[PDB]
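Below you'll find the structure, written out as structure tokens, and then a few comments.
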Amino acid sequence: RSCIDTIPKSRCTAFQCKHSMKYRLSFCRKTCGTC
Ligand SMILES: [Li+]
Ligand SMILES: [Li+]
Ligand SMILES: [Li+]
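Residue numbers are given in the deposited numbering: position 28 of the sequence shown equals residue 28, and the series is strictly consecutive.
This is the structure in structure tokens:
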């Protein structure tokens, strides 16, 4: 599986996924639902 978060997912906060492109696209692609 290629779809992963690159940081601990406890820090892949909904707060960040909603509005930070770096979270959506770099750090939290899985938890934010990009992949
Ligand atoms: Li936890
Ligand atoms: Li963070
Ligand atoms: Li924290």
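The C-beta atom is built at its ideal place from N, Cα and C for all residues, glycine as well.
**Under the three-state DSSP convention, the category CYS28 falls into** = Your numbering for residue 28 matches position 28 in the sequence shown. Coil, per DSSP.
**Asked** When every heavy atom of ligand 2 is checked, does at least one fall within less than 6 Å of the C-beta of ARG11?
**Response** Within the sequence shown, numbered from 1, the residue matching residue 11 stands at position 11. At least one heavy atom of ligand 2 is nearer than 6 Å to the Cβ of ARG11, so yes.
**Asked** Can you give the Cα-Cα distance for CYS17 and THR6, rounded to whole angstroms?
**Response** For the purposes of this step, residue 17 is identified with residue 17 of the sequence shown, where counting begins at 1. For the purposes of this step, residue 6 is identified with residue 6 of the sequence shown, where counting begins at 1. Going by the C-alpha atoms only, they are around 14 Å apart.
**Message:** Between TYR23 and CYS35, how many whole angstroms is the CB-CB distance? I'm expecting something under 8 Å.
**Reply:** Here residue 23 corresponds to residue number 23 of the sequence shown, with the count starting at 1. Here residue 35 corresponds to residue number 35 of the sequence shown, with the count starting at 1. That pair is no contact at about 13 Å.
**Asked** What number of angstroms, rounded off, separates the C-alpha of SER20 from the C-alpha of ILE4?
**Response** Here residue 20 refers to the residue found at position 20 when the sequence shown is read from its first residue. Here residue 4 refers to the residue found at position 4 when the sequence shown is read from its first residue. Going by the C-alpha atoms only, they are around 17 Å apart.
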